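One-letter residues, chain by chain:
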Amino acid sequence: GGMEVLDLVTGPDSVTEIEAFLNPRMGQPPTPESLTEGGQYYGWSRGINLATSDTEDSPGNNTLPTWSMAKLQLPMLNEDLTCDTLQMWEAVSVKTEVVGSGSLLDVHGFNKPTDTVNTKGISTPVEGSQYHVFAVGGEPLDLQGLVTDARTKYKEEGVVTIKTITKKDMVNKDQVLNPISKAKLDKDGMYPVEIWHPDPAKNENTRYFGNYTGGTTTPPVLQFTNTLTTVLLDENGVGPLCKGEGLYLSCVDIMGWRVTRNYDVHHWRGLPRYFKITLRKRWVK
Amino acid sequence: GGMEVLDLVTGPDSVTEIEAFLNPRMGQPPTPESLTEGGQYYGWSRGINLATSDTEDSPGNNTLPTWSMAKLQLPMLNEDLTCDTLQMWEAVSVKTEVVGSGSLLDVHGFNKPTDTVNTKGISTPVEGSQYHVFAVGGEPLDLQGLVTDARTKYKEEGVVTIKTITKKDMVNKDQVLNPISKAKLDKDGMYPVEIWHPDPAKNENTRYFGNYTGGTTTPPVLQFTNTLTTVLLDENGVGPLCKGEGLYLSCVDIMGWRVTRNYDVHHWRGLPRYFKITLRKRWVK
Amino acid sequence: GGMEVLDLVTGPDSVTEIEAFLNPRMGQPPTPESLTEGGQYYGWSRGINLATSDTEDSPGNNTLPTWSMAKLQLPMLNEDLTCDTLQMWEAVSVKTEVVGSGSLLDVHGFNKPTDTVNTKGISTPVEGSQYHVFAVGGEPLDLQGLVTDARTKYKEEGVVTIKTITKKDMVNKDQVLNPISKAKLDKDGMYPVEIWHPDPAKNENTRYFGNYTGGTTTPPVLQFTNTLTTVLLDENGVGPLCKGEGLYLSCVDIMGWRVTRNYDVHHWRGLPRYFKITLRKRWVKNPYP
Amino acid sequence: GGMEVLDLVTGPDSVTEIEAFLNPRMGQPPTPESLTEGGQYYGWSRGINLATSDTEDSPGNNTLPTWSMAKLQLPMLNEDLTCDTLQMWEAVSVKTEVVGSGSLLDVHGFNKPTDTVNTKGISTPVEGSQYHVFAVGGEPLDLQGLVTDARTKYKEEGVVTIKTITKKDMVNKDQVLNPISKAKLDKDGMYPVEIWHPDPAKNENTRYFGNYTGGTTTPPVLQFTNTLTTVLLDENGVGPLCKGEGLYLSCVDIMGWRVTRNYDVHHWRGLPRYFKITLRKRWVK
Amino acid sequence: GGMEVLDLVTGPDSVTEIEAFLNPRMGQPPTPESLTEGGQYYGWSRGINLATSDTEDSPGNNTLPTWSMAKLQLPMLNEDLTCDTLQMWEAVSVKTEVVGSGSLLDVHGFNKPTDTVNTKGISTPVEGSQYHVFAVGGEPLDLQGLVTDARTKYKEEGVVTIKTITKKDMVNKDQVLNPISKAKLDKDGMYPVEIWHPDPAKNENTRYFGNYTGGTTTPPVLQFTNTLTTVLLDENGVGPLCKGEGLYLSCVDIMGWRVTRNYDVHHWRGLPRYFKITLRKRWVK
Ligand SMILES: CC(=O)N[C@@H]1[C@@H](O[C@@H]2O[C@H](CO)[C@H](O)[C@H](O[C@]3(C(=O)O)C[C@H](O)[C@@H](NC(C)=O)[C@H]([C@H](O)[C@H](O)CO)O3)[C@H]2O)[C@H](O)[C@@H](CO[C@]2(C(=O)O)C[C@H](O)[C@@H](NC(C)=O)[C@H]([C@H](O)[C@H](O)CO)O2)O[C@H]1O
Ligand SMILES: CC(=O)N[C@@H]1[C@@H](O[C@@H]2O[C@H](CO)[C@H](O)[C@H](O[C@]3(C(=O)O)C[C@H](O)[C@@H](NC(C)=O)[C@H]([C@H](O)[C@H](O)CO)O3)[C@H]2O)[C@H](O)[C@@H](CO[C@]2(C(=O)O)C[C@H](O)[C@@H](NC(C)=O)[C@H]([C@H](O)[C@H](O)CO)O2)O[C@H]1O
Ligand SMILES: CC(=O)N[C@@H]1[C@@H](O[C@@H]2O[C@H](CO)[C@H](O)[C@H](O[C@]3(C(=O)O)C[C@H](O)[C@@H](NC(C)=O)[C@H]([C@H](O)[C@H](O)CO)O3)[C@H]2O)[C@H](O)[C@@H](CO[C@]2(C(=O)O)C[C@H](O)[C@@H](NC(C)=O)[C@H]([C@H](O)[C@H](O)CO)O2)O[C@H]1O
Ligand SMILES: CC(=O)N[C@@H]1[C@@H](O[C@@H]2O[C@H](CO)[C@H](O)[C@H](O[C@]3(C(=O)O)C[C@H](O)[C@@H](NC(C)=O)[C@H]([C@H](O)[C@H](O)CO)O3)[C@H]2O)[C@H](O)[C@@H](CO[C@]2(C(=O)O)C[C@H](O)[C@@H](NC(C)=O)[C@H]([C@H](O)[C@H](O)CO)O2)O[C@H]1O
Ligand SMILES: CC(=O)N[C@@H]1[C@@H](O[C@@H]2O[C@H](CO)[C@H](O)[C@H](O[C@]3(C(=O)O)C[C@H](O)[C@@H](NC(C)=O)[C@H]([C@H](O)[C@H](O)CO)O3)[C@H]2O)[C@H](O)[C@@H](CO[C@]2(C(=O)O)C[C@H](O)[C@@H](NC(C)=O)[C@H]([C@H](O)[C@H](O)CO)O2)O[C@H]1O
């Protein structure tokens, strides 16, 4: 009925918790699992390939980090759907954490060494551009497309890009804000983060939080604790409401790149994110 | 009547919301739209040209980032204007956000490579000087001119500079604070940000927020969330009042520069800003 | 099993304070103590050894920093565990501090010099990647394994790795989150920090706080004061409970590396951490099986 | 007579506002105004000159940034001065802002270029050591002298140094805290900031706020908004009192240095600071 | 007697304020005062001398920064010493400030120049590792020894080191936390800061605040204002109590190093710290 938020439902089972972890989608898929057939790159992207000229930029799909997303089912609520007043799940808060930064302390590998003159020192740790965004909502995250170069030739299959949505080539307006270029995060590991951003004009039922730090050798920084709670309630004390009984989790956590000893080839590094959402039942008209 | 702030108007349609996005004005105009005739630079400036001597500094108009601005209409109020007490629109708060920082993760292009020796590594991402300013008011943003060099030879057409206002050449005082060098942000993409700054001596009906980070290769930093509200009310609980039912939005969001493989040519990069303003009617004398 | 938390116990000895310091476990064990037989590296790791190829990475055990931990005995409370209502120790807060950052001001040693042309300047101070984590709980810290490379050939004896737990080689999923790879921090100086991380899915009775800063030459940063208290109480005002009356302290505090004059060999530097835990007795409905 | 603070005066004209802007004093005076005779350096210092030996360091006065200051008249108060209870002006708060950071976005000049191999790239922007201090009080800001080198041969004319005050050469104690080396900020553009610092042992009637960031190429950082109020009231709710009915404003705002294409000559850059002070009348014994 | 904290004493002279400044102890003593015989280094350390081998590290005493400290007398209290309830001085808060950062703006000296090829640019300002610690208490600051190298050969006279206390050579445990290595800061300019740290296991009657930033060329950062009060009261509202009517002040403020033109010789630079402590009388059992 009319989306008028009423009281908080009380009684047995009116509150619940949902846990989930989303693994990064940096480029290399989970399979093959073989550590000699490509599996060794899981959690990373494959070697970043550069444009050959100002008009020929064709990045490989497996070199492009994409959004991670999961749709989780919540326990049922309404029997009589035609009642004037119904119940709905409401996301109150979430404890989220990026796991694994300690693994970046491995500086004993075969990356580009710190002393390139003599090929000594330590294996250079992951550094560079970082990007962390997470969202919790009752609908898929609304995306707004914006790219560095509208001339970039993305593969037509394997990834969802602006052309996939509009059925036409990107225009110059796509390098700034073009209202026509919109989509929804409805698939895991398919929407490149260099193209799709959270849409501030929509997302009425989703709360998203993002931050970016660029550069080429910028030190990665991360905090992690099980004592930090992120409030999802808006200024009116109402959190995201699940209209379809399915909760949406979205995220991307890029730590930077590792660099090889062969022509400075860069590989993106991503880390998994944990979510623990507290939900409660809400009376809605 | 007299400028005395009274009570908040109550009743149907006493509160409203206005949304809008302002695209950056880095130098290259929206047209030509062709990706081979200049449109590929939309969202960026054209290649920055340098002075030829200590007395010959003539920057091209399309290399100078300018302020973005928009004037939005508000629904009408006053039936009888000659009344002792009238209603005025008052800006309470704004949810603003710079969209597209994820696009800076595109490091597969044709920019100056990180490994110049072998022309390998990755396409160097946008880095350098950053500038973010946004304002909301009931009048155009009041500007105060101040430049690096009063001898700079800006074009007389295509841009609004100190000379445009005073009808005379800049004087040495224009390198510090000269009360004579003032203007108002009344046109989009015309007032250069290296010349025009928010005037703290005026702007009684505007709230502006700005920050600057300089340097040549400083890592760009940006946060974005749909949960942050910017309060526009002053110390007395009063926000900007629309004296003429036209809301003014002003902004500039420079992320740094990208560098080409041809003589380190720099191109400024800017991103669009979204605004969602909450307004309420106010009884005024 | 019905962990129902009730009132705070009042009266004589209802509140207590535990103190302890945990020394870093960077690689070189406390012994031999001799300053010419290896003891001179205590507080540091031994020289970090690098992989010989993309498929041959065998780090030495003494080059891998591991978690520090201690289990402290609390005064006994319940002689009989069959009582409907019992008392349990609850951790309220902790004053913790990493000690010794001032020692990093020693730049008169024999590390790689800042003027390499003349072998002059100062002895380069410790810089680079930093990692600081501490935890207090009523059970061992729950760990989730995740590594940079599942092909890394860790020694089988001397350290507890994913293989030690699963009895099988690591799989590609171990480079991301693989639920199967879990363990508990039950031994000091045995679990490598580049492998084991606090498990957010568990640790229901432990509070952990960690931060990481990477890079190769990043300046080390640290604050220390005896005026800062870390609250251990959760959103409901209930801190970690000790069901077995053994309190667990865990930590790792890496300041970065020092670099020698011989082929830029790096040595991890760690510093000791102090803990002062405030505890109180809590009445609880019998949670014992 | 006695400084016993009583009630706040109420009634017509019991509160007032004072606005003022202080231009920077980096070295080059406001005149000559000619852009070919030296006026082109206004807002900057002249080229920094280095010591010729460990015992011969004599900086030119026009290369040393000095404190900016102004004394402003407040409206009159007492008719009868021989009364037991009088009224004094009290500074409650101040809105202050450093104007012009946007001008630092001019990277198209003739400074040392970022690409020295080809003399290309961009004109290196201002970078380095930054110093920001402002004060508001009822008496001149009390100064404590402390220098890098007690052997520095500061000019005897045109500047106020420690020797000017003591009538004797500096001693080694002047490199640390020497209680004898004190002065008052009673003149604009005369007291070098590398010599004179706010005295924490005095200034009972002044509030000062300062910060320093060193380095040679450190990125300049600055925030500016018309929504930030600095409270001037002390722990007992009392702000600075004007006993002589003359308000003192002091400041210095160094953004760093620009470097020329000739032997890396450095020129300090300063920016003007705006002040809007709110004052109220106070009953005093 | 019984260390029970009761009410605050009221009446005439029940509250007092103590002021003092502590000069830095970087290595060079205050004497000789001569600016040619060594006094020119006052406020700095003498040139840092390096180890000659992995087993021969003998730093000169004048190259080691030590703790600054002062014991201040407070006004008398108790007449009848054998009373059940006595009065003790309690430190409530302290306004502390590091003075002189502006002196670091002197870049016109004879330090290693920024353009070493041509011996041009500016005299490199102080940079590098920074250490700031201050304490206020009713007893000497309790110290815990911890060094980088237990093999370091510190001079036996002129400095108080671990061996001074234990009468035996340092052991490997001294590189971590060895409970045996403890001392008290009872002398000014004698305890090296690279050896002695605040002891968290003691100092029940002292409040200490410290921070450290390492690196070789890290920009020095510092804030200073007379508006910041540091609370010395613990969680129970009780501040440090002066048991033997002697207040202790301790500190160290290292800003970094300046580098000479001769073999990159480094000299530590320290700055003085000001203290203004507010104390009140307390009734104690
Ligand atoms: C397996 C293989 O060789 N595939 C070819 C593609 O190359 C691979 O592309 C990947 C990204 O898509 C990675 O860059 C691969 O690099 C790594 C990797 O696997 O991650 C980097 C690792 O560090 C390295 N590991 C080690 C230990 O060294 C591995 C390792 O060497 C190999 O896995 C085993 O040998 O390699 C990289 O090998 C190649 O991209 C594609 C397609 O090539 C095209 C394209 O479509 O992009 C063909 C087009 O016709 C051409 N277009 C034009 C106009 O010329 C483009 C163009 O050159 C390119 O866009 C420029 O960048 O190339 O072919 C596969 O066969
Ligand atoms: C097309 C062309 O060459 N036009 C001339 C102008 O040059 C262009 O100026 C732009 C800014 O106004 C950009 O700098 C252009 O550079 C880019 C660009 O288009 O953005 C940089 C891109 O990275 C590059 N792209 C690629 C893929 O390489 C493109 C690309 O090369 C071209 O678009 C393809 O053709 O180029 C740049 O080309 C030039 O500025 C003007 C005016 O020149 C004058 C002036 O009036 O300023 C003439 C004066 O007589 C002279 N005065 C004196 C005293 O010497 C000044 C002086 O040299 C200058 O002020 C110093 O900077 O130059 O002429 C157009 O014809
Ligand atoms: C005592 C000795 O030489 N042991 C050999 C190992 O060397 C030692 O390894 C340590 C790490 O485990 C440190 O790197 C040692 O370096 C230091 C140190 O003691 O910490 C660095 C100090 O800075 C230095 N001090 C000074 C003042 O200079 C000291 C000092 O030189 C010595 O303490 C006294 O001389 O040295 C370092 O000495 C060495 O790592 C192993 C290697 O053996 C193997 C292996 O890893 O098992 C054998 C394998 O068969 C081989 N595998 C393959 C496929 O080749 C691997 C492979 O090379 C390796 O994985 C590559 O990294 O090496 O041998 C010990 O005998
Ligand atoms: C006109 C002239 O050359 N005068 C000499 C002085 O030089 C000027 O000093 C200024 C600072 O006081 C600036 O550094 C001037 O540099 C600039 C400038 O004007 O700002 C830098 C600009 O970037 C540059 N502009 C351009 C576009 O290039 C301009 C420009 O070149 C000129 O303005 C054009 O004319 O120049 C700089 O020219 C110089 O300072 C004095 C030094 O004299 C003494 C002194 O300190 O009084 C004499 C003493 O006896 C001597 N002591 C000893 C023991 O030798 C000291 C000592 O050498 C000095 O302290 C070492 O640093 O110098 O001489 C004038 O002739
Ligand atoms: C005057 C002189 O040469 N004295 C010798 C001592 O050298 C002095 O040591 C100081 C630190 O204790 C500084 O490093 C001195 O450097 C400066 C300074 O005075 O601060 C640096 C200044 O920048 C510079 N000023 C200028 C304008 O250039 C001044 C200036 O040059 C002079 O002041 C003017 O003459 O110099 C530095 O001069 C030296 O420390 C002592 C003792 O030497 C010993 C020791 O440590 O006891 C002797 C031992 O026998 C030896 N041990 C071994 C095993 O050989 C050690 C060993 O070499 C050392 O441990 C390695 O670091 O040295 O001798 C004086 O003669």
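Per the deposition metadata, X-ray crystallography was the technique used to determine this entry, at a resolution of 1.9 Å.

K.L.:
A description of the overall build of chain A should follow, citing residues and the corresponding values.
P.N.:
Secondary structure assignment for chain A yields 1 helix and 17 strands. Considered along the principal axes of its C-alpha atoms, chain A spans approximately 75 × 45 × 35 Å. Put simply, chain A has 285 residues, and 61% of those count as buried. Considering only residue pairs separated by 6 or more positions, chain A has 80% of its internal contacts joining residues 24 or more positions apart. Within the structure as shown, chain A displays about 11000 Å² of accessible surface, and the carbon and sulfur contribution to it stands at 50%. Where the 28 positive side-chain charges of chain A centre and where its 35 negative ones centre are 3 Å apart.

K.L.:
Would you mind going over a negative patch on the surface in detail, with residue names and values included?
P.N.:
Residues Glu204(A), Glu235(A), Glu17(B) and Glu19(B) make up a contiguous surface patch of negative charge. Looking at where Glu17(B) falls in the secondary structure, it is placed in strand 2 (residues 15-22). Using a relative accessible area of 51% as the deciding quantity, one classes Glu17(B) as exposed.

K.L.:
Go over the site of ligand 2, please, and point to the residues and values.
P.N.:
Around ligand 2 sit 14 residues in total, of which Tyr41(B), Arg46(B), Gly47(B), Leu50(B) and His267(B) are the nearest. Surrounding ligand 2 are residues belonging to chains A and B, so the site spans chains. The contact in question runs from an oxygen atom of ligand 2 to an N or O atom on the backbone of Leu50(B), over 2.8 Å. Here ligand 2, which alone exposes 1100 Å², has 42% of that area covered by the protein.

K.L.:
So what's going on with the packing of aromatic side chains? Residues and values would help.
P.N.:
Following the criterion strictly, the structure yields 24 aromatic pairs over all chains and no others. When the ring of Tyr191(B) is compared with that of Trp196(B), the centres are 6.0 Å apart and the planes differ by 70°; the resulting orientation is edge-to-face. The pair formed by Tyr191(B) and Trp196(B) is uniform in burial state, with each residue classed as buried. A centroid spacing of 6.5 Å and a plane angle of 70° characterise the contact between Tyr131(C) and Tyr212(C), whose relative ring orientation is edge-to-face.

K.L.:
Describe the site of ligand 4, with residues and values.
P.N.:
If you check the shell around ligand 4, you find 16 residues, and the closest are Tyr41(D), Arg46(D), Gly47(D), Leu50(D) and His267(D). In this structure, ligand 4 sits where chains B and D come together, each supplying nearby residues. A distance of 3.5 Å separates an oxygen atom of ligand 4 from a polar atom in the side chain of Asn262(D). In isolation ligand 4 exposes 1100 Å². Once the protein is present, 42% of that is buried. Per-class residue counts for the shell around ligand 4 are 3 nonpolar, 9 polar and 4 charged.

K.L.:
Give me the relation of the copies chain A and chain B: which residues, what numbers.
P.N.:
Each copy of the chain is related to the other by a rotation around an axis and a translation along that axis. You can overlay chain A on chain B at an RMSD of 0.1 Å; the transform is a turn of 72° with a shift of 0.0 Å along its axis. Each copy turns onto its partner about a five-fold axis. Closest approach to the rotation axis among the C-alpha atoms of chain A is made by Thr218(A), whose C-alpha sits 8.0 Å away.

K.L.:
Give me the arrangement of the chains: which residues, what numbers.
P.N.:
Left apart from each other, chain A and chain D have a closest C-alpha approach of 14 Å. Separated without contact, chain B and chain E have their nearest C-alpha atoms at a distance of 14 Å.

K.L.:
Go over the nonpolar core, please, and point to the residues and values.
P.N.:
Among soluble globular proteins, nonpolar side chains are generally buried collectively. One finds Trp67(D) and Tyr131(D) to be the most contacted residues of the largest nonpolar core, which totals 43 residues. Mapped by element, the contributors of at least two residues to this core are strand 7 (130-137), strand 11 (206-213) and strand 15 (246-259) of chain D together with strand 12 (221-225) of chain E. Tallying contributions element by element places strand 15 of chain D first for this core, with 4 residues. Apart from residues lying up to four places away in sequence, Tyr131(D) is in contact with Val193(D), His197(D), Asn211(D), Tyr212(D), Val252(D), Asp253(D), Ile254(D), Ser101(E), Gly102(E), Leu105(E) and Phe224(E).

K.L.:
Give me the sheet that holds strand 10 (residues 196-198) of chain D: which residues, what numbers.
P.N.:
All names here are of chain D. The strand order 9-8-10 describes an open sheet built from 3 strands, whose pairing is antiparallel. Since the sheet does not close on itself, it has two edges, and those belong to strand 9 (182-184) and strand 10, each with one partner. Each strand axis lies, on average, 40° off the axis of its neighbour in the sheet, ignoring direction. One ladder, built from 3 bridges, connects strand 8 (residues 142-145) with strand 9; its direction is antiparallel. Counted as the bridge partner of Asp-142 is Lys-184 from strand 9.

K.L.:
Before we move on, could you go through the side chain of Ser103(C) and cite the residues and values that matter?
P.N.:
As for its position among the elements, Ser103(C) is in the loop between strand 4 (85-98) and strand 5 (113-115). Within polar-contact distance, the side chain of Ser103(C) engages the backbone oxygen of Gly100(C) at 2.7 Å. Sequence-distant contacts of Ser103(C), that is, excluding residues within four places in its chain, are made with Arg269(C), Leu271(C), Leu146(E), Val147(E), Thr148(E), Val193(E), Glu194(E) and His197(E).

K.L.:
Before we move on, could you go through the pattern of salt bridges and cite the residues and values that matter?
P.N.:
For the coordinates displayed, the defined rule picks out 71 salt bridges over all chains. Ionic pairing is found between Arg151(A) and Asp54(A), a salt bridge with its closest N-O pair at 2.9 Å. Of this pair, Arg151(A) sits in the loop between strand 8 (141-145) and helix 1 (162-166) while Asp54(A) is found in the loop between strand 2 (15-22) and strand 3 (68-73), placing the two residues 97 residues apart along the sequence. Residue class for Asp54(A) comes out partly exposed when judged on its relative accessible area of 40%. The salt bridge involving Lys276(A) is made with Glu204(C); its shortest N-O contact spans 3.5 Å.

K.L.:
Please set out the interface of chain A and chain B residue by residue, giving values where relevant.
P.N.:
Every contact between the two is made by 54 residues of chain A and, on the other side, 52 residues of chain B. A combined buried area of about 4500 Å² lies between chain A and chain B, and 62% of that area is made up of carbon and sulfur atoms. Considering only the surface of chain A that becomes buried against chain B, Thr148(A), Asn172(A) and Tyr212(A) emerge as the three largest contributors, covering 17% of it. Our count for the contact surface shared by chain A and chain B stands at 1 salt bridge. With its nearest N and O atoms 3.9 Å apart, the salt bridge here joins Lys173(A) to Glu33(B). For the interface between chain A and chain B, the tally reads 19 residue pairs in polar contact. Among the elements of the structure, strand 7 (130-137), strand 10 (196-198), strand 11 (206-213), strand 15 (246-259) and strand 16 (266-270) of chain A are those that each provide at least two residues to the side of chain A that touches chain B. In terms of residue count, strand 11 of chain A provides more of the side of chain A that touches chain B than any other element does, 8 residues in total.

K.L.:
Go over empty space enclosed by the protein with me, naming the residues and quoting the values.
P.N.:
Take a probe with the size of a water molecule and roll it over the atoms, and the empty space left behind shows itself. Applying the stated rule across the entire model yields 11 cavities of 30 Å³ or more. In this model, the largest cavity occupies a volume close to 70 Å³. Forming the walls of the largest cavity are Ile48(A), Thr63(A), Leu64(A), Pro65(A), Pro192(A), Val193(A), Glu194(A), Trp268(A), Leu105(B), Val107(B) and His108(B). Broken down by class, the residue content of the lining of the largest cavity amounts to 8 nonpolar, 2 polar and 1 charged. The computed volume of the second largest cavity comes to approximately 50 Å³. Along the walls of the second largest cavity sit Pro200(D), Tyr208(D), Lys95(E), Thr96(E), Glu97(E), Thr225(E), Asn226(E), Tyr274(E) and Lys276(E), which together make up its complete lining. Those elements that place two or more of their residues in the lining of the second largest cavity are strand 4 (86-98) and strand 17 (273-284) of chain E. The dominant element in the lining of the second largest cavity, judged by the number of residues it contributes, is strand 4 of chain E, at 3 residues.

K.L.:
Kindly report on the side chain of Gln144(A), identifying the contributing residues and their values.
P.N.:
With respect to the helices and strands, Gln144(A) occurs in strand 8. Classification of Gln144(A) by relative accessible area gives buried; the value is 1%. Not counting chain neighbours up to four residues away, the residues in contact with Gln144(A) comprise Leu177(A), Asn178(A), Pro179(A), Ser181(A), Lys182(A), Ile195(A), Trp196(A), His197(A), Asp199(A) and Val99(B).

About the criteria used
Residues numbered from 1 in each chain as written, not as in the entry; some residues may be left out. Chains lettered and ligands numbered in written order. Heavy atoms only, no water. Helix = DSSP H or I, 4+ residues; strand = E, 2+ residues; numbered from the N terminus. Buried < 20%, exposed > 50% of the residue type's maximum accessible area, 1.4 Å probe, protein only. Contact = heavy atoms within 4.5 Å. Areas by Shrake-Rupley, 256 points an atom, 1.4 Å probe, with all protein chains shown as cover. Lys, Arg positive; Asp, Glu negative; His and termini not counted. Charge placed at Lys NZ, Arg CZ, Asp CG, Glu CD. Patch = residues over 30% accessible without salt bridge, like charges linked within 9 Å, V, L, I, M, F, W, Y side chains within 5 Å. Salt bridge = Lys/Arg side-chain N within 4 Å of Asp/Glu carboxyl O. Near = heavy atom within 4 Å. Polar contact = N/O pair within 3.5 Å; in protein donor to acceptor, adjacent residues only side chain to side chain. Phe/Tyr/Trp six-rings, centres within 6.5 Å; stacked < 30°, edge-to-face > 60°. Nonpolar A, V, L, I, M, F, W, Y, C, P; charged D, E, K, R; others polar. Least-squares fit on C-alpha atoms. Core = buried A, V, L, I, M, F, W, Y, C linked by side-chain atoms within 4.5 Å. Pairing = 2+ DSSP bridges. Axes fitted to C-alpha atoms, helices over the stretch in contact; angles between N-to-C directions. Buried area = accessible area lost by both parts, 1.4 Å probe. 1 Å grid on protein atoms, 1.4 Å probe; cavity = no way out; pocket = protein on both sides within 12 Å on 5 of 7 lines; lining within 4 Å. Points joined across faces, edges and corners; volume = space filled by probe spheres on them.

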